[PDB]
Amino acid sequence: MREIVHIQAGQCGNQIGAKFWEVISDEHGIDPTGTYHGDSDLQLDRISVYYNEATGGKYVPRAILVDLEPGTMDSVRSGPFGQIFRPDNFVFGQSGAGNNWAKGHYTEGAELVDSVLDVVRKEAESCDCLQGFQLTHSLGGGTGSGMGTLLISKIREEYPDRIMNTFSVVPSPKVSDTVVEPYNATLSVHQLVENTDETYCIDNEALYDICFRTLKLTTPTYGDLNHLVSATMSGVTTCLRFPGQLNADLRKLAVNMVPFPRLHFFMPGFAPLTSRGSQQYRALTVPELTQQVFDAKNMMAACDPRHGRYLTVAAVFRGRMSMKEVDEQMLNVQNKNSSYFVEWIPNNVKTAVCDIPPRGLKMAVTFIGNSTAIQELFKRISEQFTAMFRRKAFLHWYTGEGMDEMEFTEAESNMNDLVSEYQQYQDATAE
Amino acid sequence: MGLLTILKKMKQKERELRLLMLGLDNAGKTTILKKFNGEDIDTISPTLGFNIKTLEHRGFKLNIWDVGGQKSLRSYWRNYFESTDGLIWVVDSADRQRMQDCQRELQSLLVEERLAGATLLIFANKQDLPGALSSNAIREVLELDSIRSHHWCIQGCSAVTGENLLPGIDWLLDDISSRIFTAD
Amino acid sequence: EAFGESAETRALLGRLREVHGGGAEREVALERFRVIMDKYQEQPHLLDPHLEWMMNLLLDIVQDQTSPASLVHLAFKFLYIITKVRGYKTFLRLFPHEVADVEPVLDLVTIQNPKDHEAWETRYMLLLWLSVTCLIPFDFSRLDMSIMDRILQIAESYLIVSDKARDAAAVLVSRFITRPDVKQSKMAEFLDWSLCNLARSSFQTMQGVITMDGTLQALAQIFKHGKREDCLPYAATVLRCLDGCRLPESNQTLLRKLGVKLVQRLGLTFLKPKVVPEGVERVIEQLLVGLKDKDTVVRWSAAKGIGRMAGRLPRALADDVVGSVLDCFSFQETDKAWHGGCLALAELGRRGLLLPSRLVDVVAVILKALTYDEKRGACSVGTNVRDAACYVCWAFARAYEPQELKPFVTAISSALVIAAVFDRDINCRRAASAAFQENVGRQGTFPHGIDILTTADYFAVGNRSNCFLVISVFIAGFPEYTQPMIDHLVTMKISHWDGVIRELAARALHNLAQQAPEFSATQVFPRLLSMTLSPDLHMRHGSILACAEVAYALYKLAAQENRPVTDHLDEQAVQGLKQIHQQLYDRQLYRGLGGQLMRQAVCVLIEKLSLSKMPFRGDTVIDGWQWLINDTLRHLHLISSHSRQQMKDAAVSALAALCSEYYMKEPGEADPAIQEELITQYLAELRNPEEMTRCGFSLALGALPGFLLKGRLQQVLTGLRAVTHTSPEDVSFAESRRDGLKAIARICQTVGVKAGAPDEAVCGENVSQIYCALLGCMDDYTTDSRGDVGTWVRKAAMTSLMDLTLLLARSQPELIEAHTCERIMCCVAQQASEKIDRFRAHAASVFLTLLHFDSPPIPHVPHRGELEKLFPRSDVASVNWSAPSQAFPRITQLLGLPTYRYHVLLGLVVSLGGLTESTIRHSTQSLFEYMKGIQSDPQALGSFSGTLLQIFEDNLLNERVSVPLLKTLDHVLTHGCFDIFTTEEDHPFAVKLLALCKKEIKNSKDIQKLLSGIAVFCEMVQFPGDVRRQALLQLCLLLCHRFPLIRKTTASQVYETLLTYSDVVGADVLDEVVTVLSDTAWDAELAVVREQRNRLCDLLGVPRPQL
Ligand SMILES: Nc1nc2c(ncn2[C@@H]2O[C@H](COP(=O)(O)OP(=O)(O)OP(=O)(O)O)[C@@H](O)[C@H]2O)c(=O)[nH]1
Ligand SMILES: Nc1nc2c(ncn2[C@@H]2O[C@H](COP(=O)(O)OP(=O)(O)OP(=O)(O)O)[C@@H](O)[C@H]2O)c(=O)[nH]1
Ligand SMILES: [Mg+2]
Ligand SMILES: [Mg+2]
């Protein structure tokens, strides 16, 4: 029985975590009251991985929500599923970090970081054997950007033998017009490289473009992006909550998908693409899903998987497809002589097959690969980070709190070295 | 909680204050409140409740809660003595027939446990009138020397004319800011 | 400063009545309103001037009886957002408080549904509004189910709501039951209702705990905002009911916090508010234990209760409380107990309760709290007990007086400044600085209280690195904060767990020793000489660093009076510097994880000792240091990669300092016995199969001084060049070749220039051989399993070609030849146009540094005027070469020159056809901008095509430049660049291009190379004549390949070309070709595809192929 502690910080982080928990609860068959009412025995053989069995046969979540601002806290407390989260697992202040990374990591977010450690430690004491912590936040802001880094740096010192996985949400100028976002993203990535084993990047520009073109929505709001983020999160954590032949734990998955220490950013995806409201319209097959998992349109990041090498590939199928039918399809797409052969679907790919399908869909698929194209996500922020650094714009706010140009240049050098290593590995011999 | 947050929270309470204003009927307390904030006097009506007013002055934020003077409301003044730093009491000098109707209530407001600590300030209004008693006579008719557990300072002022309206609040603020600590 | 979004706010609300039906518009407005309001979360006092009208535009909507429920909910959402931003306490004073606003509000709240989770913002705010209407000085009976009963029922039904509305029910009942007419009517009823809920509910369910929390909050608010004499009779029953529940044992933090908050309030009701039932004896018993809780929120709440209770009780009990709280600092407690005790002491001192009798005790504990850091694992704990000590010290300014604090000021002021500088947490430093400022402003009896604040203000204790080399010296300048400040650093930080604390402390001591040399040489150095024998690993590193730093500082100080270094340090201390190496060599401490740290420390120690000119020359200590350096430069692969560069750059520096200090016989010469062996061993170590051995030995041999290279320079140069040469065995040896060039560059920079001396320095006799080795490593393009590692070998190959070219320019510029200079310039230009970003930036920087160098100007600069005009001085620091957008537009202009055309184009082809997307997108746009200017001139286009064909011919059968070039040709042809060559039949250029393409597509197997070939073959159909027909034939050969994907791609490309160019096929036969290329499965068996291929050939006039 391997348990996982889920933590949420920042407005966007909490909004994503609430939706993800609601999705994985509706898929497992858990009414919003707390009891169980599903119709499948497979929805309980691994429920202990994210739910504590309290008295009375109830399943208490393990989501530790923290937020300096008392906004999203009250909304999640009175949500469709707000009554599930323990009430002393909510840790908040009054004034946030004011879009400054040096506020939610040094002067403000380090004022509740001690209450966070007490809560995450009180939650882990009941577990029989902890596997690894988890965090869901956005690189944009101060309580998501600085608080997450502070907690990741503080927990690694007391639990070095635990896996550290995050779900960073890179912002984009299209979604937010804030100008102090490049610095918060750079400083967050600087800490998310030396104290993180895995990081699932969910760029906001990709979801914005998807909602603008694919879904054809009028004004894509935050709900449309949160729905896709929660869908991708539920599709990624399919092996850690359901049985199957590929019993890849968290540590095993991180070791098999992350050969290098610094390189650990993935490009998660999910298909088919849907929206809120209606969903039932067309039933997809295994060939169509495989053809669409590997399309740059189904990806949640502004990167072209085809343009770049393939470090490690993995896919998770959900529905009445059999690992034998999947192997037949995964052994004819890595062959040129084979018809309908693809050049971007690589070899030695990891593949899974689930029984319980997602909500509102009979068949789906999730992609969790790591391509060098992700470098584009790091360069877009580099340029915006240099043009504003030469003029020293909005730097007094950082220098007054305690930060200095030393950390800025260190983060810049780290990002440059990472981009250089990515570009160097992109040109490697296949055999 | 750290020391910085404690200091930031204490500064908010030190800068913000609350002043409970009371007085018998037609004592001229709302005619003095409007003048302190700069408003019209020819549009005041007998208030039958309580009025809250927030205004900045010398950096401080004066939260003045003024209550009427009708007897029917005198039995509901127990809902204003919380977090009260100053207690203003208006007295009509020309009402020398009800100076014992305001002395009987003044001897019951200082003994309160909640008001035990706030600075008292007596405002003798209606001084420009012909039969208006001076501050010395009011200090003796109300028996102000008997008070000892409160820092009182009877002062003669006016509303329609406006005389010594600023010093009255200045002295109260100076006396409230002199305390290093307070009860809770 | 002020609110500036109000101009947009009044318009938003104006649209509230229109976006009430739509969902997208409502969400956009709500999100917009929230992003407009969250900007002033730090400045809540800036929205007060606008709290008047902003409210009138909201409550006025719900007041209208002719509005739907959606609009009411949307308005309540904005109201709740405004309350969250500003605050309910300061915002409900604006809500209507008339007797005619009560029955309206009540019916409004009663029209709600607690099950509706979407409208939770309407139920949470409405209740609050009711509280306002409960402030009227009127009786509920005058308004007239009664109103009091309805309010009580609503409160009882909401006090068990799992949503936020429960909180709204706390402030409501707190004002309704505490009324004159309702504290004699509903108070007893709500009291029997709370006792039943507390006795029945349990903390094992989610609903039982919710009701318990609600009841506890309601009781705590009632006892807080309620009369003391009214809630006194019912003070024992509630206490007994709370004690019978066993809250401390429950596993709930909020429940325990509320229980403590209720217990402290109940205790405050027994005592009279002045400037003691047996029940009180229990209240205290429930508060002290609260300080020894696991959570900090419980201790923070218990501290306030204890502070409030000690002030309403006598002076005998007040002293007993302090005596009992002092017991928490015993030798059998954790850090949480100390934190709680410090919080309680601060809360007690803030009110002025501690007597001078407890000065000898309290002061005897705070000194231990400011420096609390008890290692509790990999990291240490105590940052909580330290932040509390700051607040405790801040309270002494208001409690004790100067006369009562003078005996302990000498120790308090020093401790404050010690904890306000070298602290690891910025919060602790800021708290200590604030406490010091408060003590100086009130007491004013601190030594130099004003001078210490001006230099260490709130905006000065921010940068930790600055506090260790700026504020430390300023504080040590006075004789009151020198010896204790040094002792603290010696006995705390230099023995810390983190390594940044053992490096910063050493650097701070380096400067502190300048103001107190006697104390650091006679009292501190002996303590650092004995600390090295400590079994602790973090203690030995710190002691070594301190011994090195203090030694360097003493040497620098003695250098002023041209006095020897032995004046400050005695010979006893000198013998320690010799035995430190023997002690480490005997115990064999150079193993395990700490071996690398010990080696790094000893390297810095030896470097600082050799840089001070110690009396160690001619002793076995020098031999031991040399052996240790050799062993460290001998075993490098065993060290982790996260700290290999540091050990590589420190060992070489230490060896150079030793070889440039001790290893000398006379001025201008050295001991031949050591010169005949060191160089020999190094040359026998530069041929070591292990790549890490050479990587460490090359730099060590190159870092030698100039007097130690006299006569043996040719041998060293030959040995270094032998490593730079590639061989079948050394294929993936890039790090070794990099160090080989780095050492050569270092030797060249050290020896300088001297004519008539090839064995002593560089001259015209060996400059050609040196330049040949530097120009040969630039062509290294190895592609190992890791990737393009050869780039590394090029990096050091660029700087080596820069610093060298300048060296001659500063002595004998005539040695630089014209051909070599032109080759170096062309190679740098090629290297400054590579798809890579980090390497291209360095290449452009080197190019600019070499071009702008005019002191003196460097000879043999091709097109020097054009290069200066295309790359002015202002475009050096402002242009970001790392960004392709801010690099390619300026690099593509070099194609105009003749010399910068072949190499520049070869370098840009890699970026115009690589794998990255943004780089290609930028390079194509930059190339099109230049081609647009040379599109009409036929000579320029012909020269460009000739250069491209020459580059193609040069890199033939090469998968590094062939694929990028073929990919770039596709875009060049699709854009329409070679439009002038299409008006002539049988163009030699298009013929040779097709011939080379046929060569490159000969037996092509990989699909990546086949795609570019197919694209080029389909983009070449534009050229009429024999190139049109022959090219078409190739397409046919690709329509029946060995894979169906190739056939499908070829068919798609042919269909696209048929639609692009219409003059290629006649209109009479175009219909048949279009119909045959549509209803034909090109991914089927070849038996059926051959018929379609023959049919298409018969129509396109292409001769029937033959197997
Ligand atoms: N996808 C998505 N992005 C969001 C959401 N909320 C905010 N963001 C983005 O995240 C950034 C803002 O960070 P927040 O999470 O709002 O901030 P915070 O972490 O609470 O920090 P403070 O502003 O300091 O209080 C911007 O780039 C927003 O576009 C959300 O619900 N979904
Ligand atoms: N002549 C004169 N009349 C004054 C003066 N100050 C106030 N008044 C009048 O005294 C009367 C009572 O003052 P108000 O403020 O209106 O009433 P109140 O004192 O607030 O009492 P409540 O109505 O019980 O709340 C009004 O007619 C005022 O205009 C003054 O200095 N001179
Ligand atoms: Mg926020
Ligand atoms: Mg009035």
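For the numbers below, each heavy atom of this structure counts, side chains included, while hydrogens, waters and symmetry mates do not. Lettering of chains follows the sequences in order, A, B, ..., and the numbering in each one begins at 1. Start at 1 and go down the list; that is how both ligands and their atoms are numbered.
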Does B:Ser158 have a non-hydrogen atom less than 4.0 Å from ligand 2? yes
Which atoms from ligand 1 have a heavy atom of A:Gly142 less than 4.0 Å away? 21 (O), 22 (P), 24 (O)
Could you go step by step and tell me if A:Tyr183 and A:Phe394 meet the ring-ring contact (aromatic ring centres under 6.0 Å, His included) rule? CA-CA 10 Å; A:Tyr183 298 146; A:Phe394 313 106; 7.6 Å; no
Heavy-atom gap A:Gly104 to ligand 1 smaller than 4.0 Å: no
Quick check: do A:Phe90 and A:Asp67 have side-chain heavy atoms less than 4.5 Å from each other? no
How far is atom 8 (N) of ligand 1 from the closest protein heavy atom, and which atom is that? A:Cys12 CB, 3.6 Å
Which of these, A:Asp67, A:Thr143, A:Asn99, has its nearest heavy atom closest to atom 25 (O) of ligand 1? A:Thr143
For atom 18 (P) of ligand 2, which protein heavy atom lies nearest, and how many Å away is it? B:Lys29 NZ, 3.6 Å
Do side-chain atoms of B:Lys126 reach the backbone of B:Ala94 as a donor and acceptor pair under 3.5 angstrom? no
With a 4.0 Å cut-off on N to O distance, would you call B:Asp25 and B:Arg74 a salt bridge? no
With a 4.5 Å heavy-atom cut-off, do C:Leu47 and C:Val85 have their side chains touching? yes
Atoms of ligand 2, numbered as shown, that sit under 4.0 Å from any heavy atom of B:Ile44: 16 (O)
What are the atoms of ligand 1, with element, lying closer than 4.0 Å to any heavy atom of A:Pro171? 27 (O)
Within 4.0 Å of some non-hydrogen atom of A:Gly10, the atoms of ligand 1 are 19 (O), 20 (O)
Would you say B:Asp95's side chain and B:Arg98's backbone share a donor-acceptor pair under 3.5 angstrom? yes
Looking only at protein heavy atoms, identify the closest one to atom 12 (C) of ligand 2 and say how far it is in Å. B:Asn26 CA, 3.3 Å
Would you please test C:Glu31 and A:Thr221 for side chain to side chain contact (heavy atoms under 4.5 Å, CB included) and show each step? CA-CA 8 Å; C:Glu31 290 168 353; A:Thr221 63; 3.7 Å; yes
Going by the 4.0 angstrom heavy-atom rule, the piece of B:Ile32 near ligand 2 is neither
Heavy-atom nearest neighbour in the protein, as seen from atom 19 (O) of ligand 1, with distance rounded to 0.1 Å: A:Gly144 N, 2.7 Å
Numbered atoms and elements of ligand 2 in range of B:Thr47, under 4.0 angstrom, heavy atoms: 23 (O), 25 (O)
Identify the closest protein heavy atom to atom 32 (N) of ligand 1: which residue and atom is it, and at what distance? A:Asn226 OD1, 3.1 Å
Give the atom numbers and elements of ligand 2 that come within less than 4.0 Å of a heavy atom of B:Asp25. 24 (O)
One finds that the ligand 2 atoms under 4.0 Å from a non-hydrogen atom of B:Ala27 are 19 (O)
Residues B:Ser158 and B:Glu163: side-chain donor-acceptor under 3.5 angstrom: no
Between A:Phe408 and A:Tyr398, is the ring centre distance below 6.0 Å? yes
Closest non-hydrogen protein atom to atom 11 (C) of ligand 1, residue and atom name please, with distance? A:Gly140 O, 3.6 Å
Per-atom contacts, ligand 2 versus B:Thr30 - under 4.0 Å to a heavy atom: 15 (O), 20 (O)
So, is A:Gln15 polar-close to ligand 1, with some N/O to N/O distance under 3.5 Å? yes
Atoms of ligand 1, numbered as shown, that sit under 4.0 Å from any heavy atom of A:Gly98: 24 (O)
In ligand 2, which numbered atoms sit nearer than 4.0 Å to a non-hydrogen atom of B:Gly68? 24 (O), 25 (O)
Can an N or O of A:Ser138 be found at a distance shorter than 3.5 Å from an N or O of ligand 1? yes
Between C:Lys77 and C:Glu121, is there a salt bridge with N-O shorter than 4.0 Å? yes
In ligand 1, which numbered atoms sit nearer than 4.0 Å to a non-hydrogen atom of A:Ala97? 24 (O)
Determine yes or no for a side-chain-to-main-chain donor-acceptor pair under 3.5 angstrom, with A:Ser75 supplying the side chain and A:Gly71 the backbone. no
Hey, which atoms in ligand 2 end up nearer than 4.0 Å to a heavy atom of B:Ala159? 6 (N), 31 (O)
Mutual orientation of the aromatic rings belonging to B:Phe50 and B:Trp65 [parallel < 30°, tilted 30-60°, perpendicular > 60°]: parallel
Measure A:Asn204 to ligand 1 on non-hydrogen atoms and call it side chain, backbone, both or neither using the 4.0 Å cut-off. side chain
Compute the centroid of each ring, for A:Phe265 and then for A:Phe378, and state whether the two points are separated by less than 6.0 Å. yes
Does any non-hydrogen side-chain atom of B:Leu109 lie less than 4.5 Å from one of B:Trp89? yes
Polar contact flag, side-chain donor to acceptor under 3.5 angstrom, B:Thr54-B:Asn63: yes
Whether the side chain of A:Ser78 engages the backbone of A:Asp74 through a donor-acceptor N/O pair (distance < 3.5 Å, no angle test) should be reported. yes
shortest atom 4 (C) of ligand 2-to-protein heavy-atom contact is with B:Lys126 CE, 3.8 Å
For the residue pair A:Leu207 and A:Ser172, establish whether any side-chain heavy-atom pair is separated by less than 4.5 Å. no
Test of proximity, A:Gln11 against ligand 1: N or O pairs below 3.5 Å: yes
Counting N and O atoms only, with roles assigned by atom type, does the side chain of A:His6 sit under 3.5 Å from a partner on the main chain of A:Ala63, one being a donor and the other an acceptor? no
Protein heavy-atom partner closest to atom 26 (C) of ligand 1 - residue, atom, separation in Å: A:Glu181 OE2, 3.3 Å
Mind checking whether B:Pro46 has an N or O less than 3.5 Å away from an N or O of ligand 2? no
Ligand 2 atoms nearer than 4.0 angstrom to some heavy atom of B:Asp128 are 31 (O), 32 (N)
What is the closest protein heavy atom to atom 24 (O) of ligand 2, and at what distance does it sit? B:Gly69 N, 3.0 Å
Any nitrogen or oxygen of B:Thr31 lying under 3.5 Å from a nitrogen or oxygen in ligand 2? Just yes or no. yes
In this structure, atom 2 (C) of ligand 2 is nearest to the protein heavy atom B:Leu129 CD1, 3.9 Å
Could you measure the distance from the CZ atom of C:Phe138 to the OG atom of B:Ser75? Nearest 0.5 Å is fine. 10.5 Å
What is the nearest protein non-hydrogen atom to atom 28 (C) of ligand 1, stated with its residue, atom name and distance? A:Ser176 CB, 4.1 Å
